[PDB]
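Asks: Chains as they are written, first to last, in PDB author numbering: chain A, 353 to 553; chain B, 1258 to 1376; chain C, 109 to 212; chain D, 1194 to 1341; chain E, 906 to 933, 947 to 1005; chain F, 697 to 796; chain G, 604 to 654; chain H, 5 to 237, 248 to 323; chain I, 4 to 159, 172 to 238; chain J, 2 to 75.
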Amino acid sequence: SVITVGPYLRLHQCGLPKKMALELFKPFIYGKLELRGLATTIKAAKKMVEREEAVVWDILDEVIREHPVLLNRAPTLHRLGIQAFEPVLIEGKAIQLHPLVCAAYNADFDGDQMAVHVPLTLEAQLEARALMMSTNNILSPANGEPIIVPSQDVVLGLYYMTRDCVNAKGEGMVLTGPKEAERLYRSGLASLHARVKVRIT
Amino acid sequence: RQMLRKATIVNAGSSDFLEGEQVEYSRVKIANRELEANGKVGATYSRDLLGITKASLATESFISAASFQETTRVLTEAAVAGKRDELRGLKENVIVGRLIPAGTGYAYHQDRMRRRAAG
Amino acid sequence: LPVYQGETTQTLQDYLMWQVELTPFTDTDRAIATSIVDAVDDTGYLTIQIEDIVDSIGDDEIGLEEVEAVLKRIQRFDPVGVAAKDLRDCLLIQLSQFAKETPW
Amino acid sequence: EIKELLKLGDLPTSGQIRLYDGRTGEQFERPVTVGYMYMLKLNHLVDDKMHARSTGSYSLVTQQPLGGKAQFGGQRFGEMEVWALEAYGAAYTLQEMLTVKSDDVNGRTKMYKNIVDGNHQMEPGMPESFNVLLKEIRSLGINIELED
Amino acid sequence: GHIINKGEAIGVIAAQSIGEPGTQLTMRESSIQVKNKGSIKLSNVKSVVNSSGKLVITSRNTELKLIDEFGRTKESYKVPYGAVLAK
Amino acid sequence: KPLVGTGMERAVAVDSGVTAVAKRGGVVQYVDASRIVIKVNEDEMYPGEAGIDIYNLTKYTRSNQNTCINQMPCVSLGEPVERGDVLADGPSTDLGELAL
Amino acid sequence: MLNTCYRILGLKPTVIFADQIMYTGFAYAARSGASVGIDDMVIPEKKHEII
Amino acid sequence: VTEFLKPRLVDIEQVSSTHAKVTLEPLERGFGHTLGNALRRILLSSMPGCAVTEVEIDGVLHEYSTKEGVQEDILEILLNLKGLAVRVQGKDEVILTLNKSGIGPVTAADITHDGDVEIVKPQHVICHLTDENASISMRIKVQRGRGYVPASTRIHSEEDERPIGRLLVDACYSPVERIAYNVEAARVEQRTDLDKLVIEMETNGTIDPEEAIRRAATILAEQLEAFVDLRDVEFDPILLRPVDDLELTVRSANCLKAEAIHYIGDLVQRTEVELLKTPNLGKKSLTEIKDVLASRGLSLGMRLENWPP
Amino acid sequence: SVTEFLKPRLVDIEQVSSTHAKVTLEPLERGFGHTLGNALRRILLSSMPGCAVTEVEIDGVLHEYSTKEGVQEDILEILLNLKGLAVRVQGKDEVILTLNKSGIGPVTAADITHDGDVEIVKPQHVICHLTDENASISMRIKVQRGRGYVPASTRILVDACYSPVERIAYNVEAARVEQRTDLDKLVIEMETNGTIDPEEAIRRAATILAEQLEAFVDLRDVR
Amino acid sequence: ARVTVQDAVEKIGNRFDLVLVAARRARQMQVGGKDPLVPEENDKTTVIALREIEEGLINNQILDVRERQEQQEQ
């Protein structure tokens, strides 16, 4: 599976393409078709899946919703080489990996390939949710420092938005704090405005 | 620690007139022999460390420490000596295909070990 | 390379059992089923007589009607009417399946 | 010379230019330098990289699936990967990766049946590769068997 | 944020984090400078008679230590037996 | 064609033998999407020949890399072409210049 | 900041904090522009004398 | 509101045949920017245009070959026909013919002209020929759309259709492809300082500037009409045939009527051990019914989730 | 098809309090999500009718660097608290207000004299800090009519927050109707200062945008 | 879906027996014969069982007591 950037799709999620999907969960699609009374025979379910009907996609979205998946980089050096995420269907052919998690996987968004694994048993799903989720591997298991740490464009954006040349437009302006965005978006002051007084709670 | 095992002995201690005894094994033996029945029979040992590539092969289970460096020599030594593995290591259970005694399978392994006492 | 390719294949009879497994039934129904689809050709009609299959069961409880059932259940599987027991009816089964709407 | 060439075509010598947002209609600060770069497409396209599999044809020796997309193959699990798994302490996931998705013949069909029926239960049994290893060891003058 | 529980494989956690940073390299008695105020702390140096107004050293195991305000030290600065105490 | 080049692309394209050039030609008579004919003048023409040169292009042929090698013509009709001048344009070429 | 948020508040708070921080960063790094150019970097005039 | 003085349309300018500049009346502060941005995004997102859909030609068969007498290949012909600008009348899905022989340049002027098709640029190139005995003859299908549609989208609509000889192309359905706006301060004294927004567009000649602006404004109005009133705070099993024609020999019908058995489904989702709890029917009758039920449902194998009335 | 556009039918709005409300829509057309969100946000932020306080005349020095003389709070914080007051005038024009209280300490909005059309949304809002003795003070504030927002530096004394809103934001997510997944889903989040329902404010802004744009269609869609 | 699993961890502590209890609960919930004590929200048995455990109603003792009571009531 090819890796792309997940600007959206927060930490406990991963973008699984619908073309690579509906195949890994085919034994679950057959089960859901037999349970909802959409296929009296196995052959009928196979014919309905090979034709890619709308109800097939509906069943896929219904089953893969509450079912985690796990990703694994091919070069894996430490424990964080294999993590677990929630699959979300994206109309493409490349898995979207979360940027903050990219530090762990050590990816660099160049030509790379990611391995996917689907758990079938309930115990495997519970082990992936309670131990292998990205929402649990914050600190490192080697030294203690947090793995999730921004280094990319986010840092530059924060450093730029928290600065002041000398005094921007509206220096003497005084507000309460929720008015800062209001006066920045329309008119009145810039982010680089200094000497602004506000009551912080 | 992993490098610090297989301690050699100079005194008999009624344990064995040989060389190549593990630290834990010799400690359990002396703790079960001295305090229980005869404490005058002391077994003095000398802890000589071994290299990783050398200490790795020093395992009681012939299944493990085989794929690591060499398989033929380990198999020949195990056939000559006739040793049992008992599937205590992780690689043993991996090759066999059962729950490893670690993580979520540790409870199952402890229960299976406790059940092997009675039968 | 030791196994070279060694791709295990489908085989028809092998295909028949894969759906036997996910058909729902009892142990006796799954036993007769293995018997029935055991005795089936590359062409697909069955080799042995149905009363013969009853002798292969060796059970007093097993009856021809019971066999008529498990058989016919697996008689419309994949592909259509297979396990025929002498074509005439195989044709009749494939006729069976498609719609009234077609003339003649 | 590059800066002098920008003056003949009525362009800024600095190379910067103001740009607006295509979604909010607001002028950006810190003017962005635009240009014309020569881009080339590589053979490493996504149309051939992607490859999925749920169940296909296995081999006769060691009963393992085919592999690297050779006639609908599947990916390979690694030693570093099982090490990472053991670092999490996922014994059940490991057993599933050892029996369910593996050469265990009497387990694949049962797992498929349990998933189609909605049972979600695993029966490990024993992989066929261990039996192959036992037979290959017994092919020499070395006895080996498993006790009770 | 709690103590390690039973069943976790330390051996798998270890021996994997040490070799993980694979970014190493390949293919390959007179000057004493103190940082701040300290003491001598000879740490059992054998004192012998010297020519000038000092004490000679005969032992080979010598180690100094600087004490500014407490038991914390700054450096060791091991010197040979031919060292001459200036202070 | 690239806007920022080095000039070496011309030599790389004419030397790679990926296009079709005009050898000993003086003028073009008929042009086609896969055929080019050139009537050599009497200057560079020796007796014993009709005095025409033909070039058959390569249209959509499978390469080693499963790519497509297609040649596009340059001259339109009745253009004086000299010796060592290109006639067709191979894959990723433009007027005898390497443009990928 | 994230370390203190993890220590004091908890896991879910520092997670949602990291998420909001990343969102705000993705927004402001595109609203600010952050361009580059030739005249951006400045060569010191004293270099010609030091050389 | 306090006399928001809504603007009006006036002074529509036409710079050239494919480039125009429209101006409006002064409006309140903080309206020019957002109005210009919304109008630009709507004019560039969804605006009805007219393009080519599919082309047939007797001479060539596919697009990966050539034709005796032509200079440019079939792909270049298709790429040139894609850029062809032409406006059409009330009826859509039109088909025109183009047949020409000779060695001269074939342009958009030498095409069979119908009363409901107008070419805006007859100086286009259609890959002119080179031989005298060469003669091109093809048919171009022109349709209308709103957004860019590739060739793979319209494949499912043609399964038994589209024989060998007809090649489909890509359509853009966007005649503007370029537009800009600018707000300034002018033409108002007797009142406070207002702003006026001017829109400089460069279309393809098919659509008019005023008509496009009016279409964009109507679309914006129709889309915003939904926020004015804020409120609001089939699938079934195929086998639903009745219990008839099931060959109830003696007492099967009586047992089905006494137990209040439904048509088909409820009898299928039953097990033999649970079915024996019913009044005694006999193993022979049980197998006889199971055979007829297996002929259509594989031995009563089904577990329905829900049951609609 | 030719001119058919998708209209949002799912307008479920969930709110936590009377001043906060998160509205969500259904999968809309391509590119209309962000356009509509930005348009509505700028309309409701840059120009919106409402009443607000413009300037006060407290007894003492007109300069900002005044004394406490029993107030115990700087006049800057007094004006900052006065900005957070949502005064509502039914029909009247720019009017004057005053207040007078004892020396108990809690100064609320109820201390201001009650008029006919002048109303306060919350009578517990703090106007002045806790006094130290029985000394009184006169505010002499005034309110005007306006729209949008304009600081006090250019147009005079405290501020002019005519916009009856506090914060506004919009987000766009991906969504699918039946098969294609390239649909936009808009999510609006607007915190209001008070006196106006969030949905009512959105309705008012939409009607304002409509009546400002309806003159461009030149009476289209007659039948 | 459940983002973080911390309350069930605090209810168990060992971080390992929690998985076993949740599995032995979800198995029963999926096979049948049981009823979710927590009102479901269109979620699968795994997250339902996990939230019921994190709420402080399901553990390695109440389940055994209920199983023994059901077996003795036969």
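In this text, a Cβ means the ideal position worked out from N, Cα and C, and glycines have one as well.
Helix, strand or coil, according to DSSP, for residue 408/A in the structure here?
Replies: Of the three classes helix, strand and coil, the one that applies to residue 408/A here is helix, per DSSP.
Asks: Which of the three DSSP states is assigned to residue 221/I in this structure?
Replies: Helix, per DSSP.
Asks: What distance in whole Å lies between the Cβ atoms of residue 469/A and residue 424/A, which are believed to be in contact at a cut-off of 8 Å?
Replies: Sure, about 6 Å apart at Cβ, within 8 Å.
Asks: Grouping DSSP H, G and I as helix and E and B as strand, with all else coil, what is residue 54/J?
Replies: DSSP places residue 54/J in helix when its eight states are reduced to three.
Asks: Can you pull the chain D residues whose beta carbon is under 8 Å from the beta carbon of residue 38/H, in chain order?
Replies: Neighbours of residue 38/H on chain D, chain order: 1218.
Asks: Kindly indicate which residue of 131/I, 5/I, 11/I and 7/I has the alpha-carbon position closest to the one of residue 232/H.
Replies: Of the listed residues, the one whose Cα sits closest to residue 232/H is 11/I.
Asks: What are the residues that DSSP puts in a beta bridge with residue 91/I?
Replies: Residue 91/I is bridged to 122/I.
Asks: Helix, strand or coil for residue 177/H? Go by DSSP, reduced to three states.
Replies: If DSSP states are grouped into helix, strand and coil, residue 177/H belongs with coil.
Asks: Would you kindly work out how many angstroms separate the C-alpha atoms of residue 41/I and residue 541/A, rounded to a whole number?
Replies: Going from the Cα of residue 41/I to the Cα of residue 541/A covers about 19 Å.
Asks: Closer than 7 Å between beta carbons: that is the criterion. Which residues of the segment 763-776 of chain F meet it against chain H?
Replies: Correct list: 769, 772 and 773.
Asks: Can you give the beta carbon distance from residue 791/F to residue 770/F, rounded, assuming they're within the 8 Å contact cut?
Replies: Right, their Cβ atoms sit about 7 Å apart.
Asks: Within 7 Å (strictly less), CB to CB, does residue 35/J reach chain A?
Replies: Cβ-Cβ to chain A under 7 Å: no for residue 35/J.
Asks: Output yes if chain B places a C-beta closer than 7 Å to the C-beta of residue 20/J; else output no.
Replies: Chain B contact via Cβ: present.
Asks: Determine the burial state of residue 908/E: buried for a count of at least 16 other Cβ atoms within 10 Å of its Cβ, exposed for fewer.
Replies: So residue 908/E counts as exposed.
Asks: Does any CB atom of chain A fall closer than 7 Å to the CB of residue 1280/D?
Replies: So yes, residue 1280/D belongs to the interface.
Asks: Which value, in whole angstroms, describes the spacing of the CA atoms of residue 1284/B and residue 362/A?
Replies: Computed Cα separation, rounded: 53 Å.
Asks: Residues of chain D with a CB under 9 Å from the CB of residue 111/C: which are they?
Replies: Under the 9 Å cutoff, chain D gives 1252, 1253, 1254, 1255 and 1257.
Asks: From residue 192/C to residue 202/C, what does the alpha carbon distance come to, in whole angstroms?
Replies: Distance between the alpha carbons of residue 192/C and residue 202/C is about 11 Å.
Asks: For residue 728/F, go through chain H and note every residue whose CB falls closer than 8 Å to its CB, in chain order.
Replies: Correct list: 70, 72, 73, 74, 75, 134 and 135.
Asks: Does the distance from the C-beta atom of residue 492/A to that of residue 499/A stay below 7 Å?
Replies: Yes, the pair counts as a contact, with Cβ atoms nearer than the cut-off.
Asks: Which residue's Cα is closest to the Cα of residue 15/J: 1360/B, 1349/B, 1366/B and 1307/B?
Replies: Nearest C-alpha to residue 15/J: 1360/B.
Asks: Using a Cβ-Cβ cut-off of 7 Å, state whether residue 299/H counts as contacting chain C.
Replies: Chain C contact via Cβ: absent.
Asks: Tell me the DSSP secondary structure of residue 435/A in three-state form.
Replies: Residue state, collapsed to three classes: strand.
Asks: Leaving out five residues before and five after residue 173/I in sequence, what residues of the same chain have Cβ atoms less than 8 Å from its Cβ?
Replies: Same-chain partners within the cutoff: 56, 57, 58, 59, 82, 85, 86 and 155.
Asks: For residue 1251/D, I'd like the list of residues in its chain whose CB is within less than 8 Å of its CB, leaving aside the five on either flank, ordered along the chain.
Replies: 1257, 1258, 1259 and 1296, listed in sequence order.
Asks: Just to confirm, is the Cβ distance from residue 70/H to residue 729/F under 7 Å?
Replies: Contact flag set, yes.
Asks: On the criterion of 16 or more Cβ atoms from any shown chain inside 10 Å, does residue 222/H qualify as buried, or is it exposed?
Replies: With 16 or more other Cβ atoms within 10 Å, it is buried.
Asks: From the DSSP output, in three-state form, read off residue 46/J for me.
Replies: Residue state, collapsed to three classes: helix.
Asks: Roughly how many angstroms lie between the CA atoms of residue 1353/B and residue 455/A, to the nearest whole one?
Replies: Cα to Cα, the separation comes out at about 36 Å.
Asks: Please check if any C-beta of chain D sits within less than 7 Å of the C-beta of residue 41/H.
Replies: Answer yes: the Cβ-Cβ gap between residue 41/H and chain D drops below 7 Å somewhere.
Asks: Using three-state DSSP, classify residue 539/A as helix, strand or coil.
Replies: Correct three-state label for residue 539/A: coil.
Asks: Quick check on this structure: which residue in 67/J, 55/J and 42/J has the alpha carbon closest to the alpha carbon of residue 2/J?
Replies: Of the listed residues, the one whose Cα sits closest to residue 2/J is 42/J.
Asks: So what does DSSP say about residue 167/I, is it helix, strand or coil?
Replies: Within the gap of chain I, which runs from 159 to 172, lies residue 167/I, and it has no coordinates in the structure.
Asks: Assuming residue 120/H and residue 153/H are in contact, meaning their beta carbons sit under 8 Å apart, how far apart are those beta carbons, in whole angstroms?
Replies: At roughly 22 Å, the Cβ-Cβ gap does not stay under 8 Å, so residue 120/H and residue 153/H are not in contact.
Asks: Taking 8 Å as the cut-off, does the segment 177-187 of chain C touch the segment 1202-1215 of chain D (at least 3 CB pairs, one atom from each stretch)?
Replies: No: the two stretches stay apart, fewer than three of their Cβ pairs being nearer than 8 Å.
Asks: Among 68/J, 40/J, 25/J and 45/J, which has the Cα closest to the Cα of residue 56/J?
Replies: The shortest C-alpha separation from residue 56/J is found at 40/J.
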